[PDB]
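Analysis of the macromolecular model
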Amino acid sequence: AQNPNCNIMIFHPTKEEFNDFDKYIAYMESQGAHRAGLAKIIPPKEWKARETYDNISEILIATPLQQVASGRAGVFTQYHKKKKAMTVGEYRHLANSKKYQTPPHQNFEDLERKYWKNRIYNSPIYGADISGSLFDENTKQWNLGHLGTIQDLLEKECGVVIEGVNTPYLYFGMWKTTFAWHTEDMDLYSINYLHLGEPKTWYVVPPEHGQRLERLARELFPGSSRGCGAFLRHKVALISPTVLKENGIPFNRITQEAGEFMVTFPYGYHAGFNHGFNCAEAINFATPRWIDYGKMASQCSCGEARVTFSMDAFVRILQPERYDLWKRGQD
Ligand SMILES: Cc1ccccc1S(N)(=O)=O
Ligand SMILES: Cc1ccccc1S(N)(=O)=O
Ligand SMILES: Cc1ccccc1S(N)(=O)=O
Ligand SMILES: Cc1ccccc1S(N)(=O)=O
Ligand SMILES: O=C(O)CNC(=O)C(=O)O
Ligand code: NI
Ligand SMILES: [Zn+2]
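- In its metadata, the entry names X-ray crystallography as the structure determination method and reports 1.3980 Å as the resolution.

Here we look at the site of ligand 1
- Around ligand 1 sit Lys-15, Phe-18, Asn-19, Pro-44, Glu-46, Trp-47 and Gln-141, and those are all the residues in its vicinity.
- In this structure, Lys-15 approaches ligand 1 through a main-chain N or O atom, which is 2.9 Å from a nitrogen atom.
- Take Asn-19: an N or O atom from its side chain is 3.2 Å from a nitrogen atom of ligand 1.
- For ligand 1, whose unbound accessible area comes to 310 Å², protein coverage reaches 67%.
- Taken together, the residues of the shell around ligand 1 sort by class into three nonpolar, two polar and two charged.

Notes on the coordination of the zinc ion (ligand 7)
- Summarising the metal site, the zinc ion (ligand 7) is bound by the protein donors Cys-228 (SG), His-234 (NE2), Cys-300 (SG) and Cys-302 (SG), whose distances to it range over 2.1 to 2.3 Å.
- In terms of primary sequence, the donors binding the zinc ion (ligand 7) are separated according to C-x5-H-x65-C-x1-C.
- The buried category is assigned to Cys-300, whose relative accessible area is 8%.

Notes on the pairing of strand β11 (residues 200-204)
- Among the five residues that make up β11, five are buried, leaving the element largely enclosed by the rest of the structure.
- Here β11 shows no split at all, with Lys-200, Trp-202 and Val-204 on one side and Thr-201 and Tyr-203 on the other all buried.

Points about the UniProt feature "binding site: 2-oxoglutarate" in the protein
- UniProt's entry tags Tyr-126, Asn-192, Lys-200 and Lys-235 with the feature "binding site: 2-oxoglutarate", counted in the numbering of this structure.
- Tracing the sequence through the fold places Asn-192 in strand β10 (residues 189-197).
- Engagement of the side chain of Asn-192 in a polar contact is seen with the side chain of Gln-256, the distance being 3.2 Å.
- By the secondary structure assignment, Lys-235 is in the loop between α6 (222-227) and β12 (237-239).
- Excluding residues that lie within four positions of it along the chain, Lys-235 makes contacts with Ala-180 and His-182.

Some details on the sheet that holds β10
- Across the sheet, ten strands lie side by side as β1-β2-β14-β10-β16-β8-β7-β4-β5-β12; this open sheet has mixed pairing. On the outer flanks of this sheet lie β1 (9-11) and β12, each paired with one strand and no other. Geometrically, the sheet is characterised by an average inter-axis angle of 25° between neighbouring strands, direction not taken into account.
- Bridge count between β10 and strand β16 (residues 278-285): eight bridges; the pairing is antiparallel. Its bridge partner being in β16, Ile-191 is matched across the sheet by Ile-283.

Topic: the side chain of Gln-256
- On the secondary structure map, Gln-256 appears in strand β13 (residues 252-256).
- For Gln-256, a relative accessible area of 0% translates into the label buried.
- Of the polar contacts made by the side chain of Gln-256, one reaches the side chain of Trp-202; its length is 2.9 Å.
- Excluding residues that lie within four positions of it along the chain, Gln-256 makes contacts with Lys-40, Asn-192, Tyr-193, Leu-194, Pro-199, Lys-200, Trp-202, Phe-261 and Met-262.

Overview of the site of ligand 4
- In the vicinity of ligand 4, the residues found are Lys-245, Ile-249, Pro-250 and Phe-251.
- One nitrogen or oxygen atom from the main chain of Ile-249 is found 2.8 Å from a nitrogen atom belonging to ligand 4.
- At a separation of 3.0 Å, an oxygen atom of ligand 4 approaches a polar backbone atom of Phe-251.
- Relative to its free-state accessible area of 310 Å², ligand 4 is covered by the protein chains to the extent of 50%.
- Its residues assigned to classes, the shell around ligand 4 comprises three nonpolar, no polar and one charged.

Regarding the packing of aromatic side chains
- Across all of its chains, the model carries 31 aromatic pairs by this definition.
- An angle of 85° between the planes, with centres 5.7 Å apart, marks the rings of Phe-18 and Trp-47 as edge-to-face. Here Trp-47 lies in the loop between β2 (38-41) and β3 (60-61) and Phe-18 lies in the loop between β1 and α1 (21-30), a separation of 29 residues in the sequence. Considered together, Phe-18 and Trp-47 belong to a single accessibility category, that of buried residues.
- In this arrangement the basic side chain of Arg-50 is found over the ring face of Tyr-53, its NZ or CZ atom lying 5.9 Å from the centre.
- The side chain of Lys-99 reaches across the aromatic face of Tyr-100, ending 5.8 Å from its centre.

Regarding the sheet that holds strand β9 (residues 178-182)
- Here we have four strands laid out as an open sheet, ordered β9-β15-β11-β13, and antiparallel in their pairing. At either end of the open sheet lies a strand with only one pairing partner, and these are β9 and β13. Strand-to-strand twist across the sheet, computed as the mean angle between neighbouring axes with direction ignored, equals 15°.
- One ladder, built from five bridges, connects β11 with β13; its direction is antiparallel. The residue bridging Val-204 from the neighbouring strand is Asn-252, located in β13.

Conventions we followed
Residues numbered from 1 in each chain as written, not as in the entry; some residues may be left out. Chains lettered and ligands numbered in written order. Heavy atoms only, no water. Residues with missing side-chain atoms left out of burial classes, pairs and counts. Near = heavy atom within 4 Å. Polar contact = N/O pair within 3.5 Å; in protein donor to acceptor, adjacent residues only side chain to side chain. Areas by Shrake-Rupley, 256 points an atom, 1.4 Å probe, with all protein chains shown as cover. Nonpolar A, V, L, I, M, F, W, Y, C, P; charged D, E, K, R; others polar. Donors = N, O, S within 2.8 Å, 3.2 Å for Na, K, Ca; no water. Buried < 20%, exposed > 50% of the residue type's maximum accessible area, 1.4 Å probe, protein only. Helix = DSSP H or I, 4+ residues; strand = E, 2+ residues; numbered from the N terminus. UniProt positions renumbered as here; feature names shortened; annotations may be inferred. Contact = heavy atoms within 4.5 Å. Pairing = 2+ DSSP bridges. Axes fitted to C-alpha atoms, helices over the stretch in contact; angles between N-to-C directions. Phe/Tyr/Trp six-rings, centres within 6.5 Å; stacked < 30°, edge-to-face > 60°. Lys NZ or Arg CZ within 6 Å of the ring centre and 35° of its normal.

Written out as structure tokens, the structure is:
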């Protein structure tokens with residue numbers, strides 16, 4: 001078996017290899033990339049997402065989210081407090097202010113140390129889940145707004161036509177902005193392009209070991225666990241690499257820089273943080289191998305987890321028994 005230690009693999013496709021998205025994902029998996037839960041793809045030197053990022057300051061962040069932590073330095077939850085709208089230009093200025101700017105540091109490792117030591121004592125503001133794209137319409141390869149849809153994949157594989165659409169989302173981050181431990185909706189893949197700015201550090205648990213992380217989370221967040229059988233779907237829980245090591249949870253880490261893609265694989269739990277002002281674009285996607293994961297995906301039915309409209313059809317077709325209880329939850 002390829003990649004038995006479940007290491008994060010890094011790929012450097014040629015421009016010829018970059019022409020067929022589906023084929024390249026399949027190639028990565030033939031090399032065992034999915035076993036890690038996460039892969040990095042560095043695009044060919046000839047490729048570009050767009051010409052420049054010069055005129056993005058007028059994008060609106062309608063609902064910036066202040067990420068307020070509770071708990072201990074290595075085991076905490078965060079909740080999102082809504083703030084007044086601001087443009088990307090205003091947000092960038094805020095990110096760079098004395099209150100919010102990245103502190104002096106020696107290297108990525110030093111910054112990582114500072115993040116886990118001090119994250120809980122600050123409340124950075126994140127511009128997350130903004131529908132839109134920064135890919136030039138003329139960028140034909142790996143354009144996250146031009147991927148085959150999950151609905152079309154499910155139709156190709158299962159012969160059923162369903163309603164729904166899926167489109168990309170933009171994320172504007174600053175120092176300490178955090179993504180909590182989670183897998184994707186329906187345990188889909190995700191792909192994430194860092195368009196500009198400072199890096200993003202990722203942590204990931206191999207899909208074959210996801211239940212180990214779930215068991216630890218139930219122990220560390222006992223009230224949350226009693227409230228919901230799939231509370232990680234709420235996307236609020238953080239556990240540090242030190243705490244993971246102390247509890248024998250297998251995981252890896254890698255830092256993504258501007259101009260690089262990351263792919264998360266079905267049922268690959270991931271979490272992370274931004275180093276400073278940045279902008280990423282991400283979208284979910286599927287392949288034939290996803291279908292079996294979609295059929296088995298846990299669901300939140302306590303009401304907390306947000307459902308896109310399109311998730312309805314996925315649950316209805318792949319999980320008809322659960323459909324009753326789940327739909328009562330989102331209503
Ligand atoms: C950038 C480039 C240039 C020539 C052929 C193909 C490409 S690609 N696949 O878009 O990266
Ligand atoms: C609020 C909090 C804080 C730290 C650990 C666990 C929790 S929770 N959501 O009560 O399980
Ligand atoms: C538990 C821990 C904590 C920090 C560094 C290393 C470890 S260990 N003994 O390698 O799992
Ligand atoms: C023990 C160790 C050390 C470094 C990175 C990851 C691990 S773990 N918890 O074995 O995956
Ligand atoms: O970038 C972020 O804040 C979170 N991104 C993801 O979880 C993803 O791309 O799957
Ligand atoms: Ni994700
Ligand atoms: Zn729930």
